[PDB]
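Numbering (the UniProt record's numbering), first residue to last: 2 to 956, 965 to 1265.
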Ligand SMILES: C[n+]1cn([C@@H]2O[C@H](COP(=O)(O)OP(=O)(O)OP(=O)(O)OC[C@H]3O[C@@H](n4cnc5c(=O)[nH]c(N)nc54)[C@H](O)[C@@H]3O)[C@@H](O)[C@H]2O)c2nc(N)[nH]c(=O)c21
Ligand SMILES: [Mn+2]
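See the structure below:
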């Protein structure tokens, strides 16, 4: 596009596969991006000759909106509240005018901020002004839920799309993805915005600033415009990068337009977010006529979550959707929110898919990508008042007469009881007893670990803890003058370190400060962070819960990444013969209260733990005496253990309820403490606890309640065939009920429906509202599955979206780079069209790679070379004269990735350097006669490589602090004695061998550092970071890292492509089909990762956990390095003593390590090699084992042989080979070791040098 094509022409061709990429062009393009004014982006958009198919009616009511005033009021407690009109949910930001409340900005006369007068008038308690300030502040907060200005993302899209269709190297044809003239989201963006600016020279409807927003002073501007615009941009990019059906995309825009047309965008999106999934995913195959699905076997023990692929299951009518119909509800929702045309259009299209195949799952995926991806926002006041207000309705309470007299704070549940609580009790009692009986529980190291779990940089309600203690004349050290963020639990630990349990006890009842975090397609999550003393006392609860989840049930301990959400389980559960019910418990925290659960759980633990903990303190808490009115009449003083003493103090808090301090920053005058029985989300127990009750109640239902409430033979059979150990997987409030079918097909839908209704009624008995879904679909941990195929949900990963719950300003450049790289990796995992996605990312990165630096009137610029992004993981499109698109997005990160792409075109690079004057008489074992040193410096390859490795963020009372922390951790004398023994032992057997000895004595320093890096950076500090970056760019190098220089000595031969590991007609991941060549062939040739990645990697460490503050992978690395470096057994023993272990254990594990055959992944850590995040979804284990041959294609070579004592080389060598195979576009190929320049022996010594030199 002339304007665009004129300014980025050369760069546009370098990322389209037409021209080689070069830092000169990359950086020129970067300069061009930064010099582009916002209005120019809109002018560029004006040049696009949009097509009629990219247009649709834009509701005039989007622009003319009411005054915010009728949407708020002042309540009885003088809190600015949101006035409700559409219902209990209608509490978000309303769609109203905004210009009347702003004062023009000094320099940007066309933009304005909330009037200083209104705010000050609000600070002065005026009611009308408080309301206007609230609305103004919350509208802004809504507009800030993005990573950066939308104009950056649009400009990047224009620049990358000007490259036109992309030629697929494998399919050997150009893609047929429509050009921007057909992009309805973009057309809307341009039109809506143009209509708003009107005659104004400024085209941007609002400006996204570092801490706030300014709105274009147009009477046509609305508080709903930013969210609307943000959705459009995402949809614009996804249509070009995921190849989304343009027609499905228009439906999505329609929905957003309707949201802006309503009285509240966020609210409208919340009420209609189910449209696309319900009418596609949840209504597929009413008529199944064919296609294939996975046939997996769930290996034993089912708890390993390991699966094996056995082939494909031919689909027929026998498998058509049998679950309840949702047509009625689906159409009702549409009719009610003015979207029936969209519902019906979606229903009509869905019924046309009578075969389950790539085409159909892609259809679902596409549809599901259209849902708004905004991070919903509302004031903290509103979140508090809605999420902490109502308790659960216990329909069948525990009889009052079923409790004994008190034993301190608790009451025992009689065994006479008829309550079903009876079972909840036994289970926790049992677990507590076995937990407490474990010898490890009484190991000082174990207790240090439990005491360190909550010693972090995160807040722990510091202010309130200091006040509760102040009220009893217990003043904590201030550490006046220490450069650390005081509002951290690490700081809290330091303050409490030398105080007895008895002095801080009262803090257990102190207020809890509320936090907040916004979510996509969901209402705000509240964050109630307990303080150190509260977390300490919660240990018994947490431990018993872990014991249950570890020994008594089938449960996930997943994070937020797709790589750790046991994808394999979903495939299995959703694959016909099998069926899965998605069971969930809504309002979980508010349902785990004292009346039923907590009073029972506290008692069961307090009693089940009695004998094992008899006369000992625990984690710092002393034993004591409690009032005993247990047995009727008699009343004595009863001795209890430390562990019991904890439960004793915890019960008081649980029983009393929690006090949440709410400081609504967005609502002037909204400061208050709110009491509620709703469970804390920031307790070490929360998740594990909820997981334990989930499985316990489900178990009780399958064993007792259910069977006793029906005589239906079939329902009794179904129930009896299920077990929480084999058919029910849970985590927190989410659960998956997996019903293995049979040869005779799947279990009767009606029989399942009956047994689900029983579950529903059963929950009402103890206050749980089960959110059960039976729809032929599987849902668990936010991943969606149908017929064994994963459906990535693109709407949940907003490209421009970003969660900003507070008013603090965004992190300083270049933190945005990490976020952009994160956006890129989401695309890889979500399976976007690889070429279009790669090209786009390059444009996006380039658009953020340049930042203006100020140094006292000296205007300069920080510039990250294109090579820094390669290092971070972004694959090259074409360089050094190579063919285009030969590099896959599965190229590893850092050194391993650098090694991979370089090895792929090494000869080419050499040939290119000479052809361009980079020649020397000096011959290189890697680049021959190529003057690589002068080449890599001139094209900033070394600079980018080294710049990519710098931090992207600024960085007597000292002895006192570190010492306090030290006392906290080294509380128990036995632990210290262990570490010291290790130290004097390290001198004799380990010192000199390695210099990276991990040690408990390090924790205090690691913690101090953490409390420091948590504080806010100073202006000067930011400068030092920039200067560090500029220094690295100005310096000239002569080599890469020592490890990379060593890998480059290794050469390979790529041979025969691998045979398919799975059927080519089999849909595993929607979007990953024959139309997405690289990802598809990789999936097919390599094969999917069929085991939980947590369970897999948990097998690559000698020790699962350690003190919070040390790295388990680091300890595992130190041990393995000492072994490799020839150190003696006693040296590993010394290392293990320094990390808290007992001599007996130390000597044993150490002796075990000396003789163990370490697997590829675990041993590879000796040189810091890690399995790439992007590979986690594929069967990398198989690649290392059977597809990276270390015996040259034609036999043994002198240089390839592995020296007798260097068998550990094979591990490292496997990673290098796999690196090249995965980085090469197309099918995974068998790679064969061809050469090692100086031979294996010389190579091993080279790595040993690196090993012993670390931290020197
Ligand atoms: C000053 N500074 C800002 N950020 C970050 O910038 C953001 C908000 O800032 P802002 O309004 O203060 O920053 P400006 O980017 O500079 O806005 P701006 O008005 O954007 O840039 C000014 C003008 O420079 C012009 N320009 C850009 N590139 C070039 C170029 O290559 N050559 C020439 N001749 N002009 C250029 C262009 O006209 C443009 O309007 C913050 O959030 C920070 O994170 C910094 N980050 C680091 N590490 N170090 C810094 O010294 C620094
Ligand atoms: Mn669920």
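Don't be surprised by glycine CBs; every beta carbon is placed ideally from N, CA and C.
Distance cut-off 6 Å: residue i Cβ against heavy atoms of ligand 2
i, result
"residue 474", "no"
Nearest-angstrom Cβ-Cβ length linking residue i and residue j, presumed shorter than 8 Å
i, j, result
"residue 887", "residue 846", "Not quite, the Cβ-Cβ distance comes to about 20 Å (not below 8 Å), so this is no contact."
"residue 865", "residue 943", "That pair is no contact at about 13 Å."
"residue 557", "residue 732", "4 Å"
"residue 55", "residue 235", "So it is not a contact: roughly 16 Å between Cβ atoms."
"residue 228", "residue 267", "7 Å"
"residue 97", "residue 250", "That pair is no contact at about 28 Å."
"residue 1210", "residue 1249", "6 Å"
beta-carbon residue i near ligand 1 non-hydrogen atom, thresh 6 Å
i, result
"residue 852", "yes"
"residue 202", "no"
"residue 211", "yes"
"residue 955", "no"
"residue 952", "no"
"residue 32", "yes"
"residue 855", "yes"
"residue 150", "no"
"residue 814", "yes"
"residue 35", "yes"
"residue 358", "no"
"residue 1035", "yes"
DSSP beta-bridge partners of residue i
i, result
"residue 1078", "791"
"residue 677", "659"
"residue 640", "626"
"residue 925", "929"
"residue 779", "786"
"residue 83", "73"
"residue 104", "114"
"residue 772", "585"
"residue 1119", "1117"
"residue 292", "357"
"residue 313", "295"
"residue 10", "Per DSSP, none; premise fails for residue 10."
"residue 735", "585, 732"
"residue 753", "Note: residue 753 sits in no beta bridge, so no partner."
Beta carbon proximity, residue i to chain B, threshold 7 Å
i, result
"residue 763", "Among the chains in the structure shown there is no chain B, since it carries only a single protein chain."
Hey, which residues come within less than 6 Å of ligand 2, measuring from Cβ to any heavy atom, in chain order?
583, 585, 735, 780, 781
For the stretch 999 to 1065, list the alpha helix (DSSP H) runs that are entirely contained and at least 4 residues long, ordered along the chain.
1012 to 1021, 1028 to 1043, 1051 to 1056
Those runs of the beta strand (DSSP E) which lie wholly inside the stretch 488 to 535 and span at least 3 residues:
516 to 520, 523 to 528
Fully enclosed by the stretch 1128 to 1189, which alpha helix (DSSP H) runs are 4 residues long or longer?
1138 to 1146, 1152 to 1164, 1169 to 1172
Extract the residue ranges of the beta strand (DSSP E) inside the stretch 211 to 281, only unbroken runs of 3 or more that lie entirely within it.
214 to 217
Just list the alpha helix (DSSP H) runs in the stretch 824 to 862, keeping only unbroken ones of 4 residues or longer that don't cross its boundaries, in chain order.
835 to 847
Every unbroken alpha helix (DSSP H) within the stretch 411 to 490, with a cutoff of 4 residues, ordered by chain
422 to 438, 445 to 453, 463 to 471
Complete runs of the alpha helix (DSSP H) confined to the stretch 697 to 730 [at least 4 residues]:
714 to 722
Going along the chain, which unbroken runs of the alpha helix (DSSP H) with 4 or more residues stay wholly within the stretch 1190 to 1252?
1218 to 1232
What beta strand (DSSP E) runs, 3 residues minimum, are completely inside the stretch 377 to 412?
404 to 408
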